[PDB]
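Below, in structure tokens: the form deposited in one PDB entry, a single chain.
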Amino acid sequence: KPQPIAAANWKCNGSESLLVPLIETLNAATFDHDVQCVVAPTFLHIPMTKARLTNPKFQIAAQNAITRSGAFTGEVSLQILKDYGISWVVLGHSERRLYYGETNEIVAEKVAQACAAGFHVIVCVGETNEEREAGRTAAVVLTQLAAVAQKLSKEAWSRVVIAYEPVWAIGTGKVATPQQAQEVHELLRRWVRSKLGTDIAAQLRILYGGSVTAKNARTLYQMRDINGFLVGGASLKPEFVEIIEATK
């Protein structure tokens, strides 16, 4: 199993009074094993987080980016992030695909540019409840992944991380079962193995997202093809520390 990643997506949340004590807790936490931790604050909070997060095992990521600076009021480009020292970015999150029109192609465009620019990218994929019920889970996530892969070169994959978040598990409290999750992870890794190879497939990190907590992390990590988590609400709480330890 390649090096695990425990990523925290704080979404559109945060305040200074809230965030200072949380960062101190992350600084105080010590992790012996090899694990890559990432925290993703809102653009506005990246400066204070960068300034205070001193734990060597952590890296800061953006929650989104557009491919070019310029006349795009309200947005933040990959270039503006690089210049500020941020080298990790979350792209294609289900909430962006559903509410802000990011199609498979727009997400593929962002990922391609982010890799070219030297970033480590966490690409999100996932089916909706109706897509699951219609029995289209495989078609949906592989079409999402295929869009991104058609633009990538073999070596860009060293900087690619895949996060599987079932949309029916987001904010719902309805976590998938290790077997449902494992079932999808193994399908995604199998696809990659036949297009790009065993070496690329073996090193690829595929994370699970969707109602993860200290109570179900360890069992989820036990599955063969699950390499870590993209955590939502539980990441804005001390419990996030126990989730990282579950990657031992």
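In this text, rigid core is short for the largest set of C-alphas that superpose within 1.5 Å between two forms. Residue indices: 1-based, along the sequence shown.
This protein has a second form, the form deposited in another entry, left out of what is shown; the following refers to that one.
Only one entry in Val167, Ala112, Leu142, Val175 has its C-alpha moved by 2 angstroms or more between this form and the one not shown when the rigid core is superposed, and that entry is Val175. With a change of no less than 3 Å, the CA-CA distance between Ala7 and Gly171 is larger in that other deposited form than in the form shown.
Annotation for the pair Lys174/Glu133: C-alpha atoms approach each other in that other deposited form, by 3 Å or more compared with this form.
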